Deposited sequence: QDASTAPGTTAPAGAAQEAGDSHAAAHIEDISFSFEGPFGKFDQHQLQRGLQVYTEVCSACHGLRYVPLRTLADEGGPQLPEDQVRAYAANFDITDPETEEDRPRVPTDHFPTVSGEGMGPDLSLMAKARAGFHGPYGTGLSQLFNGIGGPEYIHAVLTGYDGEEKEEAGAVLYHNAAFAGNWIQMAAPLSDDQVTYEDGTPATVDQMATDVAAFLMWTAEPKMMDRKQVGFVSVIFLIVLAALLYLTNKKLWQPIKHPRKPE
């Protein structure tokens, strides 16, 4: 039960953390895990890492894609999805993990952080299958340098990419919390006026 900027009804992603997490993703997770349902351009949007266009464009450019219409590769562009990853020794796509496992980002963090050392080619894990995951503990310290100081400790890294993963799952979380706020407040007002109206319609009869 660690916590994040975003649980609760007034929660919001933390942009920086989200970028830290994107970076952990890029530099570590993406070798074994894809994100098919995430279009690269969304990295740009209000409510997420919100990198700026030219960075998102630069970032997109490090990924390869076999052009359907053609048949040559080209570097990726913002309209493409992150790559789909798979084959042998390759993990479940992660675009929805935070929602698929409600305790989502905690489970990702629990798992990344839950290797003891054992090896029955399985590996003991506090949080998985109970308790042998086939994913060799993927993170060790300062395995990433954040342009932003933050000590790249394993716990940190697991946390950032958990937040980041939460956002690939619910990109519209902020929108959805905001609209929800206005709907509820609006219905509460409405409920109230129908309440009075209704009361006034009824006092003469009671």
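Gaps in the coordinates relative to the deposited sequence fall at 1-29, 131-147, 167-171, 258-263.
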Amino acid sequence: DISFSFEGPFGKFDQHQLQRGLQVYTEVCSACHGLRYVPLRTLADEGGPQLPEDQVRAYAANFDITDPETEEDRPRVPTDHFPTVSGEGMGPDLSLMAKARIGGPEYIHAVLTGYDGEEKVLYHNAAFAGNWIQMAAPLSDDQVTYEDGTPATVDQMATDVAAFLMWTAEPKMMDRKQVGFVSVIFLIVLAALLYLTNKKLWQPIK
From here on, numbers count along this sequence of modelled residues.
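Higher mean CA temperature factor, per the PDB entry, when comparing 62-70 with 137-145: 62-70. Stretches 174-182 and 151-159 differ in mean C-alpha B factor, with the higher average recorded for 151-159. Residue-level inspection of the entry shows that, of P92, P75, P83, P105, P75 has the top Cα B-factor. Sort the chain's modelled residues by C-alpha temperature factor and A126 lands in the highest third, per the entry. Split the chain's modelled residues into thirds by C-alpha temperature factor. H109 is in the middle one.
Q55: CA B factor in the highest third of modelled residues in this chain (values from the PDB entry).
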